[PDB]
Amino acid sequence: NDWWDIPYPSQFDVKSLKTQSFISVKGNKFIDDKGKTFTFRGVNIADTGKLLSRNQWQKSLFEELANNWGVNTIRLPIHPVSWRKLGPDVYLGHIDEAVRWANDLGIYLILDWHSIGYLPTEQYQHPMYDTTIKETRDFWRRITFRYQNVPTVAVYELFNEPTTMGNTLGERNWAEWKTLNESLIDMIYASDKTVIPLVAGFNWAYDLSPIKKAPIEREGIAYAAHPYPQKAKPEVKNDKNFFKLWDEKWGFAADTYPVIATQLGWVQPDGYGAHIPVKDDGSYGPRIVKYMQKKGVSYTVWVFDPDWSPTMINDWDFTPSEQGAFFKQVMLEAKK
């Protein structure tokens, strides 16, 4: 009742972590603080609240991924509805757990403010993604204060998937989106300059082409890409044609800035949760991996969860799905 006695917030205790290299941006590459080139390779897990509700928010989950799936990175898709439902204090307390778990395993976290829609008009694809510019700023303000100087938390992915859904949500306007990302980056850098902001384009974070002429005017950032199989639609389906289309919309970015494909994956058109744009016969797997390997692109596969699709696992015993078995071997081999 005494609102005047509500405490000011505290910061994560960095002394509680074991030594872990910071990742930073240098030119078009990530590097660690030993100066070695670094690639994020890993997976999304589900929202923290979804996992808690079925008692699957456990260090054992992180251990499975680190020990058996070859990941060096986990992306946490923090859904605004879940952020509100647990409330900031409880959600941050669970993020703290993820930090300790990842640190102990020597892996890194991408914190993703997981909305879909058009923030400047505050209209979204679905209520679970609902937010405001105010809440979005406040999220990043809180996150940046709490995890200041924490090497485990490497990337702040400002807004998962910008889209206006054919301008039903507003008029897509690069200049206003650019300005807003720059505004968020400024709040972040005022609080912690050691973190990597990740910025996305339109068409559900597929289209980075506006940065050819109007890149975000801030240093030390990276760009997101979500190159699902059906985003590029060549008439003739082969490596060369897909590569050219990917080149044009997002791959070119990797020549100048670091790029993380923070969502990618596929399921068979008749498989579990099959929907546009994730339907593929499986030929996309080797093709996107080859493409990313050639361009030095980082990635986190969607999704290491048995309910949300396309799945990497069919159950909580971690039985691999088609894409799961494929990416697991890719990541194990890369780790070598």
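Here, rigid core means the biggest group of C-alpha atoms that superpose within 1.5 Å across both forms. Start at 1 with the first residue shown and count on from there.
Colleague: Using RMS Cα distance over all structures and residues, flag whichever of 233-241 and 137-145 lies farther from this form in 4 other deposited structures of this protein after a core fit.
Modeller: Farther from the shown form on average in 4 other deposited structures of this protein: 233-241.
Colleague: Where do the C-alpha atoms have the higher mean temperature factor in this entry, in 196-204 or in 226-234?
Modeller: That would be 226-234.
Colleague: If you average the Cα B factors in the entry, which is higher, 288-296 or 38-46?
Modeller: 288-296 has the higher mean C-alpha B-factor.
Colleague: With respect to the C-alpha temperature factors reported in the PDB entry, which of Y147, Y156, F252, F159 ranks highest?
Modeller: That would be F252, according to the entry.
Colleague: Which is it among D96, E135, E122, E219: the one with the largest CA B-factor in the entry?
Modeller: Checking the PDB record, the top C-alpha B-factor among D96, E135, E122, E219 is at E219.
Colleague: Split into thirds by Cα B-factor across the chain's modelled residues, where does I276 land: lowest, middle or highest?
Modeller: According to the entry, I276 has a C-alpha B-factor in the chain's highest third.
Colleague: Using the B-factors in the PDB entry, rank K240's C-alpha atom against the chain and give the third, lowest, middle or highest.
Modeller: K240: CA B-factor falls in the highest third of its chain.
Colleague: Name the third of the chain's ranked CA B-factors that contains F30, choosing lowest, middle or highest.
Modeller: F30: CA B-factor falls in the highest third of its chain.
Colleague: Of the three thirds of its chain by CA temperature factor, lowest, middle or highest, which one includes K85?
Modeller: Within its chain, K85 is a middle-third residue by C-alpha B-factor, going by the deposited values.
Colleague: Going by what the PDB entry lists, where does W101 fall on CA B-factor within its chain: lowest, middle or highest third?
Modeller: Tercile = middle for this residue's CA B-factor.
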